[PDB]
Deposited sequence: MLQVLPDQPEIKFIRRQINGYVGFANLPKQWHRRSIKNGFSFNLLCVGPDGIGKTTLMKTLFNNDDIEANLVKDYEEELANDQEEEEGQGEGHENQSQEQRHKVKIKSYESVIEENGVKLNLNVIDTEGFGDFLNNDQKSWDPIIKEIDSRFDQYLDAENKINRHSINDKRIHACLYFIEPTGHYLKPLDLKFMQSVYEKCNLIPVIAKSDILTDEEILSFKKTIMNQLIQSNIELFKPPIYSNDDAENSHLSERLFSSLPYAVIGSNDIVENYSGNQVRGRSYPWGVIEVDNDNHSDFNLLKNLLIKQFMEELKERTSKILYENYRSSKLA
């Protein structure tokens, strides 16, 4: 291909605009896996992120292994529709022995979704397929303030090459500002030491400095100190905002000074949902496929 100077305006630069229009006509789809111990606030965070209390109301098809719960929902906003599928763990970390066999159903669900896509792709009478591959994995770290636990490192190292790993510190309201920074530093050093790679939002060419700086901050602030609340509380100023009320204070979900909830919502939905799907289909799925077929 030889670069040629074109005089005037031909109009092939409208190809992204066409993709923009078609993407509105046909909907968007997303698959989000939630890994965390029971009672850590996975369900509440899902209700908060998508402003919908019925987020896990449609369940779609002794105990010594984790139970997976798949839920399907449709979110409509300004004519754009999202078919969301939330996979949510149940029993993670509550077994006396939390060995691999206990949490293997999560990895099996991921591999089965990749297998379904691969089988549809290799069919002779090949037809359009519903993309069910897990697009993001939110791992919920307990707000202990000390370090990542052995089970945390084991699962994260066994899932980082299959999903866009997004570690978050759950119920971070209880942590002081200093405890948040120390815990995040320790977690990042541990993940670096164990060669666990997280999702780094991409930077675009000819992009505003605010967008690129925002993306660099989204990666630097990991793990996000998050809080969950789809319920309205009255703060001391008299305003009715989303949050939680305690005898010691009212924490607000949508306040950037209280948590990294807006950074999580930007990475997952507002700014890099499509880039998460792109990494899932072009890198993670392709590596899984190449490993299986070579």
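*Mind pulling out the bits of the deposited sequence that never got modelled, as residue ranges from 1?*
Holes in the chain trace, numbered from 1: 1-12, 74-99.
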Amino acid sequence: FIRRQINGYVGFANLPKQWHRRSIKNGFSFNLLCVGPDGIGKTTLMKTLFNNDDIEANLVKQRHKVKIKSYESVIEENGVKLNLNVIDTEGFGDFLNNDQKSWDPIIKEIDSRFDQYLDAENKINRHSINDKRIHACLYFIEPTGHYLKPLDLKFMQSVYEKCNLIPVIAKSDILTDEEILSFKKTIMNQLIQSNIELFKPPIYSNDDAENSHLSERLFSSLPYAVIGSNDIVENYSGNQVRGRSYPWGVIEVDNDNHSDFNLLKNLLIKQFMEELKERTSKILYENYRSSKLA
From here on, numbers count along this sequence of modelled residues.
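*Looking at the deposited entry, does 42-50 or 65-73 carry the larger mean Cα B-factor?*
Between 65-73 and 42-50, it is 65-73 that shows the higher mean C-alpha B-factor.
*With reference to the PDB entry, specify whether the mean Cα temperature factor is higher for 202-210 or for 218-226.*
The stretch with the larger average C-alpha B-factor is 202-210.
*Using the temperature factors in the entry, find which of 171, 123, 162, 133 has the highest value at its Cα atom.*
That would be 123.
*For residue 128, does the deposited CA B-factor place it in the lowest, middle or highest third of the chain?*
As the PDB entry reports it, the C-alpha B-factor of residue 128 lands in the highest third of its chain.
*Based on the entry's values, in what third of the chain does the Cα temperature factor of residue 144 lie: lowest, middle or highest?*
Lowest third, going by the recorded CA B-factors of the chain.
_Test of reading the entry: by CA B factor among the chain's modelled residues, which third contains residue 60?_
Its C-alpha B-factor, which the entry lists for residue 60, ranks in the highest third among residues of this chain.
*In terms of the chain's CA B-factor thirds, is residue 167 lowest, middle or highest?*
For residue 167, whose C-alpha B-factor we compare with every modelled residue in the chain, the answer is the lowest third.
_B-factor third for the C-alpha atom of residue 87 within its chain_ = For residue 87, the deposited C-alpha B-factor lands in the middle third.
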